[PDB]
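Chain identifiers are assigned alphabetically (A, B, ...) following the order of the sequence lines, protein sequences preceding nucleic acid strands; residue numbering begins at 1 within each chain. Just follow the structure's listing: the first ligand is 1, and inside any ligand the first atom is 1. The analysis underlying the following values was restricted to heavy atoms, covering all of them including side chains, and did not include hydrogens, waters or symmetry mates.
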Amino acid sequence: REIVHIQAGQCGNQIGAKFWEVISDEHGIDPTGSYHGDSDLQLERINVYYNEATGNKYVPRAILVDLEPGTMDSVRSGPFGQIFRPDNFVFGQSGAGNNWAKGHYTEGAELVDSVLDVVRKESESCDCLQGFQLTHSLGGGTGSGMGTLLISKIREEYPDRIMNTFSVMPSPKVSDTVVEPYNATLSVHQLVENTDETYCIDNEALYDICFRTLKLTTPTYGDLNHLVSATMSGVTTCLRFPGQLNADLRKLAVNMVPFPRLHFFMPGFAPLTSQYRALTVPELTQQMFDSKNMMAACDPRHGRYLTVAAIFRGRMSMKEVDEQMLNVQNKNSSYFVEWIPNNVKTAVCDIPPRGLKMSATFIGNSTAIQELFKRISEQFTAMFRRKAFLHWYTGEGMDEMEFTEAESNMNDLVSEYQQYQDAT
Amino acid sequence: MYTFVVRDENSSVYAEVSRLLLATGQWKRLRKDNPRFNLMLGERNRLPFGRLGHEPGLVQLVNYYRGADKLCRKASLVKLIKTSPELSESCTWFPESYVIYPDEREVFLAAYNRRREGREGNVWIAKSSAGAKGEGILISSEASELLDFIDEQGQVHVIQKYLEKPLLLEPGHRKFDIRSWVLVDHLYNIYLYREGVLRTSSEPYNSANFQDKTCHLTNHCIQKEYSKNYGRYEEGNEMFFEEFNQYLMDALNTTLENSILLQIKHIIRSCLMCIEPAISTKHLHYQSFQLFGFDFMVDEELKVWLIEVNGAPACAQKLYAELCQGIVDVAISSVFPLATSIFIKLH
Amino acid sequence: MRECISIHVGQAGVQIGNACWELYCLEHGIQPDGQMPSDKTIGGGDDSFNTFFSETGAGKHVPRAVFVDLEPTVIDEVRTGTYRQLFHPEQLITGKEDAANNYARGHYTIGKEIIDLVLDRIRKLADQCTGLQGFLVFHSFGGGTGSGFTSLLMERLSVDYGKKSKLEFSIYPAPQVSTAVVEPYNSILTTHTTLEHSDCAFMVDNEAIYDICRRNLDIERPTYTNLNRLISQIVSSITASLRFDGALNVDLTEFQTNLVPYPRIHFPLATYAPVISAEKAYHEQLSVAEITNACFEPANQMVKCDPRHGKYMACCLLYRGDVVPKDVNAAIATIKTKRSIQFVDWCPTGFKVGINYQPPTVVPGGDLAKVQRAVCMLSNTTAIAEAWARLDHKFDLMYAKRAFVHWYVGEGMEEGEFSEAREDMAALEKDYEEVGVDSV
Amino acid sequence: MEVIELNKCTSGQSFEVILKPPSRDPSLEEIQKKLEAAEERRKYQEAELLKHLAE
Ligand SMILES: Nc1nc2c(ncn2[C@@H]2O[C@H](COP(=O)(O)OP(=O)(O)OP(=O)(O)O)[C@@H](O)[C@H]2O)c(=O)[nH]1
Ligand SMILES: Nc1ncnc2c1ncn2[C@@H]1O[C@H](COP(=O)(O)OP(=O)(O)CP(=O)(O)O)[C@@H](O)[C@H]1O
Ligand SMILES: Nc1nc2c(ncn2[C@@H]2O[C@H](COP(=O)(O)OP(=O)(O)O)[C@@H](O)[C@H]2O)c(=O)[nH]1
Ligand SMILES: COc1ccc(-c2ccc(OC)c(=O)cc2)c(OC)c1OC
Ligand SMILES: [Ca+2]
Ligand SMILES: [Ca+2]
Ligand SMILES: [Ca+2]
Ligand SMILES: [Mg+2]
Ligand SMILES: [Mg+2]
Ligand SMILES: [Mg+2]
């Protein structure tokens, strides 16, 4: 049931590296790849994410990609940097200059075949590959442009495999350059066509959580990534540990995605605390459905849940979990569509994450996600209306028409979500 | 909070029940087809009982007993009485009745010939459930006109001995019928509402001419349209128990309780105990309650006869508030509690 | 003696199969290594237990069973479990990756690739039968494999074994027990395709088993193990007559003869009593009259519905333990004067009774207390159509928006198969209505 | 209320009680066509995808 992980560009590698640190600690893997855990439950599904090496070492099935070396030297110098297969660092020198065209059509195209060579090698040593997970941002050049180029080439070579992404959406509140909405709009169109499930991680939400809830006056990217890595661990619990749910990425897509293009999920996590206090099951369930715990800055009260997955971790009363989960729905039943019966699925795993007696992870397929794409669409149009900053893209050979098409594609996506928000 | 759905928009009674539920602040009305309800106020026909009681974590309650239609259709009521040993063909409070298809066509003529040969009163009435809304009724003394009438309508009818000697209110020499409201809750407690209504005729009772049918049929719609004197004795041709009891004292030196109400309670109890094993929701995966309208006639000997049982009754205007409040107290809040009794419990 | 082959498809079929064969071994005195010290005919024989077990030269008693699943992890538990020695490797068949809760993926995409292998392995078992009577098929409605591959296999079994009877044990989906959103689709698709090919099918609603484990076993959150050991008691009491000396339901043909006079209406309701907690320190043993009375309580039924508001076409009572006919008739007399039991007009009002003197066997350490007498009632009542209505409603809600339909079309299924299957169900519900209800 | 067809063995007994009296399949080839037709639709859809990716 193997998964091949790919991390691309600055954001993609920094969040990817944290993910591997977090789940290596959950499975008992030290930074040299030696297992030193205490429960065989840690090892039962270790092969989903790790290859076993010669000396009984475990190696992440992870490919690290960038068009400049800097961030990947940092990963190699990082805490768990020696755990990765050295042959799986694939990088150029030019950079992508926060430019989707450089990543997708010029600099990235020179590097992409080398990446596929490594992807092919990891897939070859898979007993039966489930599919792929990609971590990247949409606002830069490498993760956004080369990342979506990568997804297109993986689909051509593995058309029957699941493609899953963790995609960081840009926000003016946590912004590097003014062209982020261009890069994000070009990428969303690729994701609509070529992924099966995409976790929408909004840097605006991450910032608000660090500021408003965690009481960090000056959030850094590292603070933002703590939330991402905790969420990534949460949503992959059922892939990584045994439980009564006997389900993989395809079963997730089948039950979460009622229409192929509407596969953009709002993740959330509880608790988020600025701590030794016990969380009760009622509190854990209330917070996990609270907008303030969501990682896409969208108000779920502004739309309707098509489908929800909830994953509880820790030793707690399953009976109380069901009661609260039924309570949450029976109370707010105007936010669930009534034409998908039993559209809220609850799963449980006994192992809690590092440092918590219990936690809960939320995955929502809500029509409110349309607010995210509207926001990007508005920022796109405010510049594109004056053709501002376009020379950076036309100098890589792109035409204005390709921008007009990506803009229409995202507006169509928004209209598709709105069509089901009033569906009765 | 508690949740409910409304699936009968024409119900005067549960419109008011739902109005009261929302005003408690502790009930929320969901859409017609939301399955996550505690309370269903169901449709009259094809109520989907088979979809109740399968929602994890919801105690579900519906305002109809599945199977109570046996008591609440004219044809099946006759069948239920004749074939149930608890009620039996030797049942003294239900008129001689037969079901006729356009089957008991033969036995009805057998008793008809017996009475007419004995020169006894031989007036019968033919009616049906499909004959709703004040029409499709024939009172005759000749069996020919009764059977010829049913074949033309083309639906399952009942022929019943017409009570030729009714109790007649004075002044006016006038006919009436008694409506009693009965609530059966989820524990199958049988509650009789204290307040009944007499639905009166405005015209003097004429035993010679059964063709007019204004002084013979006491329905509020036939008196509102076809009757002179409508309203002169009582507002809306409705006499309530206090006045009627006072009348029975002044006129006949007895009380409503002794002369009539013991029989009414006896009949209600007999009918509902008879069908209890068929419709009880004790030990079922969902619970039922239901409001019933029992219609009674009183003869000149102060003998009470059951005429029919209504499964979706309305209420008299001045009694809507009290009874609807009683429904919430006894049938709904007893299952879904919020944060003197108007009913007589028939044991 | 005439052999029966059991076929277990998908996770639910396999895990229930394990609970059944474990219980069969305890009932017949077969140890996990397959030896049976009481079988004095070494290497052969045509005893009643040989309907379900073959015999090797070394005295090993081998289930006439095939286990099929499209991923390996559930059957791998069988291969390393307590009863691993019971089965040959040829009998345990696993694919590489499962059907992803998708009927179309189990039926068309993966099923096309594994069906000939499965039929080959069944043929190997058939070739050891002197007089094979047919097949018992265990599967869920809800799984991609349980729904999609089962219907493909049933079609091919009709081709390859045309004169052989086929019985189903089918797990009907419930949200309290790990259901997927698309299970109503899979349930309707597999019922439509399997209907013509199954002679008698026993539906078990996971909701009813769940609640029996909560109420009567005092298990707050039942697992599949709790669920399946209760199910295997009901299955055991249904198949006991094929495996023990007796004169009722002695071959598969007799199941349809006794329970199914109308071929499309072939879904008998099972009701079982008593279910008593083994942790109950103090228990009063229940009489014939009390366990028989309990057969008419919805709370003891394998599918929750109300038989008072349907009609019976047939009714069989299967007792295990200390029961004599005189108690049964005295108990039936009492119940007929208390309960609403109405048969259709063109059927006799009565009961076929079977008694086996051996009380139920209970799995050591299990949840079920040992009792001195138990009964399973199999009744063909139109009330079971309430379960079809519930499922068709849920189908209709999603299908009106075509939610999830693309997953099935993407496996090569035509959209028209959805409405074709829904149309079949509509005719089925109409058939129950014509049989079971009088005009209002 | 009558008992009929009483059979007795050392393992148990069986009998009947009557309270009241009363008053085509697809061939192997056809299955093969269906499975191949679905596979062709799968191949057709995959060829459209790869055509789209070639553009
Ligand atoms: N009673 C019972 N139900 C089960 C069991 N396992 C699964 N189920 C039910 O079966 C349905 C899920 O289908 P599965 O049988 O697990 O699926 P499958 O046939 O393996 O198909 P795929 O895994 O989709 O290829 C759900 O309704 C489960 O609740 C079991 O051991 N016992
Ligand atoms: N057997 C009988 N003998 C004498 N009068 C009778 C009778 N049956 C009915 N009536 C009179 O005819 C009227 C109408 O009869 P019936 O009860 O069938 O009408 P209905 O079904 O409309 C009552 P409801 O409006 O409460 O449903 C009764 O109110 C009564 O006055
Ligand atoms: N959450 C998060 N966002 C980041 C991080 N690094 C960059 N970003 C965001 O990612 C976008 C820039 O893309 P980046 O990954 O740096 O460019 P790339 O290297 O060309 O892919 C902007 O929206 C940044 O706010 C990070 O470590 N965490
Ligand atoms: C690999 O992990 C999972 C695979 C499948 C599911 C899942 C989700 C949602 C469902 O209904 C909306 C469902 O029916 C089944 C499984 C799921 O949600 C519990 C998973 O964990 C997030
Ligand atoms: Ca170059
Ligand atoms: Ca032998
Ligand atoms: Ca056949
Ligand atoms: Mg950067
Ligand atoms: Mg009426
Ligand atoms: Mg499976």
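Between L138(B) and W124(B), the closest side-chain pair of non-hydrogen atoms is not below 4.5 Å. The shortest distance between side-chain heavy atoms of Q190(A) and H104(A) falls below 4.5 Å. Between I178(B) and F176(B) the shortest side-chain heavy-atom distance falls below 4.5 Å. Put simply, the side chain of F210(B) does not reach to within 4.5 Å of the side chain of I125(B), judged on heavy atoms. In this structure the side chain of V181(C) reaches within 4.5 angstrom of the side chain of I340(A), judged on heavy atoms.
Atom numbering of ligand 4 starts at 1 in the shown order; those under 4.0 Å from a heavy atom of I363(A) are 22 (C). For ligand 3, the atoms lying closer than 4.0 Å to a non-hydrogen atom of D176(A) are 12 (C), 22 (C), 24 (C). Less than 4.0 angstrom separates some heavy atom of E180(A) from each of these atoms of ligand 3: 22 (C), 23 (O). Close approach to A247(A) involves these atoms of ligand 4, each under 4.0 Å from a residue heavy atom: 1 (C), 4 (C), 5 (C). For ligand 3, the atoms closer than 4.0 angstrom to any heavy atom of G9(A) are 19 (O), 21 (O). Per-residue contacts place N225(A) under 4.0 angstrom from the following atoms of ligand 3 (heavy atoms of the residue considered): 1 (N), 2 (C), 26 (C), 27 (O), 28 (N). Ligand-side atoms of ligand 4 in range of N343(A): 12 (C), range being under 4.0 angstrom from any heavy atom. Those atoms of ligand 4 that come under 4.0 Å of a heavy atom in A180(C), given as number and element, are 14 (O). In the vicinity of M256(A), heavy-atom distances shorter than 4.0 Å reach the ligand 4 atoms 9 (C), 12 (C). Per-residue contacts place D248(A) under 4.0 angstrom from the following atoms of ligand 4 (heavy atoms of the residue considered): 1 (C), 4 (C). Listed by number with element, the atoms of ligand 3 under 4.0 Å from a non-hydrogen atom of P170(A) are 23 (O).
Nearest to atom 25 (O) of ligand 2 among the protein's heavy atoms is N219(B) OD1, 4.0 Å. Counting protein heavy atoms only, atom 25 (O) of ligand 3 is closest to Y221(A) OH, 2.7 Å. Here the heavy atom of the protein found nearest to atom 10 (N) of ligand 2 is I125(B) CD1, 4.2 Å. Nearest non-hydrogen protein atom to atom 21 (O) of ligand 4 is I311(A) CD1, 3.4 Å. With respect to atom 3 (N) of ligand 2, the closest heavy atom belonging to the protein is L163(B) N, 2.9 Å. The nearest protein atom to atom 12 (O) of ligand 2, hydrogens excluded, is given as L217(B) CD2, 3.3 Å; this is a heavy-atom distance. Ranking protein heavy atoms by distance to atom 6 (C) of ligand 4, first place goes to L252(A) CD1, 3.5 Å. Counting only heavy atoms of the protein, atom 21 (O) of ligand 3 lies nearest to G143(A) N, 2.8 Å. Remark: minimum distance from atom 23 (C) of ligand 2 to any protein heavy atom is reached at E308(B) OE2, 3.1 Å. The closest protein non-hydrogen atom to atom 13 (O) of ligand 3 is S137(A) OG, 2.9 Å. Among all protein heavy atoms, the one lying closest to atom 2 (O) of ligand 4 is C238(A) CB, 3.5 Å. Among protein heavy atoms, atom 31 (O) of ligand 2 sits closest to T218(B) OG1, 2.9 Å. Here the heavy atom of the protein found nearest to atom 1 (N) of ligand 2 is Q160(B) OE1, 2.8 Å. Nearest protein neighbour of atom 15 (O) of ligand 3, counting heavy atoms only, is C11(A) N, 2.8 Å. The closest protein non-hydrogen atom to atom 13 (C) of ligand 4 is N255(A) CB, 3.3 Å. Scanning the protein heavy atoms around atom 9 (C) of ligand 4, the nearest turns out to be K345(A) CB, 3.6 Å. The nearest protein atom to atom 16 (P) of ligand 2, hydrogens excluded, is given as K74(B) CE, 4.3 Å; this is a heavy-atom distance. Protein heavy atom closest to atom 18 (O) of ligand 4, with residue, atom name and distance, is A309(A) CB, 3.3 Å. Remark: minimum distance from atom 3 (N) of ligand 3 to any protein heavy atom is reached at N203(A) ND2, 3.1 Å. Regarding atom 17 (O) of ligand 3, its nearest protein heavy-atom neighbour is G140(A) CA, 3.5 Å.
For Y182(A) and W392(A), the ring centers sit 6.0 Å or farther from each other. For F166(A) and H136(A), the distance between ring centers is not under 6.0 angstrom. For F362(A) and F269(A), the gap between ring centers reaches or exceeds 6.0 Å. Annotation: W93(B) is not in aromatic contact with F296(B) [ring centroid separation under 6.0 Å not met].
In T237(A), neither the side chain nor the backbone holds a heavy atom less than 4.0 Å from any atom of ligand 4. When non-hydrogen atoms are compared, ligand 4 lies under 4.0 Å from the side chain of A347(A) (C-beta onward) but not from its backbone. Counting heavy atoms closer than 4.0 Å to ligand 3, residue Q14(A) contributes side-chain atoms (C-beta onward) but none from N, CA, C or O.
At least one N/O-N/O distance between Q10(A) and ligand 3 falls below 3.5 Å. Residue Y162(B) has no N or O atom closer than 3.5 Å to an N or O atom of ligand 2. Taking only nitrogen or oxygen atoms, main chain and side chain alike, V181(C) reaches within less than 3.5 Å of ligand 4. Polar contact check, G141(A) against ligand 3: a nitrogen or oxygen pair lies under 3.5 Å apart.
A donor-acceptor contact shorter than 3.5 Å links the side chain of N365(A) to the backbone of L262(A).
Using a 4.0 Å heavy-atom cutoff, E164(B) is absent from the residues neighbouring ligand 2. Using a 4.0 angstrom heavy-atom cutoff, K175(B) counts as in contact with ligand 2. Using a 4.0 Å heavy-atom cutoff, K133(B) is absent from the residues neighbouring ligand 2.
Side chain to side chain, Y49(A) and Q133(A) meet the donor-acceptor criterion of an N or O pair below 3.5 Å. Side-chain atoms of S202(B) and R174(B) form no donor-acceptor pair, as typed in the model, at a separation below 3.5 Å. For the residue pair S175(A) / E180(A), a side-chain donor-acceptor distance below 3.5 Å is found, with atom types taken as modelled. With hydrogens and angles left out, the side-chain atoms of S187(C) and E183(C) include no donor and acceptor closer than 3.5 Å. Checked by atom type, the side-chain pair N122(B)/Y162(B) shows no donor-acceptor distance below 3.5 Å.
Within 6.0 Å of OH on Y226(B) lie no more than 12 heavy atoms contributed by other residues, nucleotides or ligands.
For the pair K394(C) and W339(A), the NZ or CZ position fails the cation-pi test of under 6.0 Å to the six-membered ring centre and within 45 degrees of the ring normal. A cation-pi contact, defined as under 6.0 Å to the ring centre and within 45° of the axis, is absent between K18(A) and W20(A).
Comparing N246(A), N342(A), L239(A), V182(C) by heavy-atom distance to atom 1 (C) of ligand 4, the nearest is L239(A).
Taking the charged nitrogens against the carboxylate oxygens, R304(A) and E338(A) do have a contact shorter than 4.0 Å, which makes a salt bridge. Using a 4.0 Å cut-off between a side-chain N of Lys or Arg and a carboxylate O of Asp or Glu, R1(A) and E71(C) qualify as a salt bridge.
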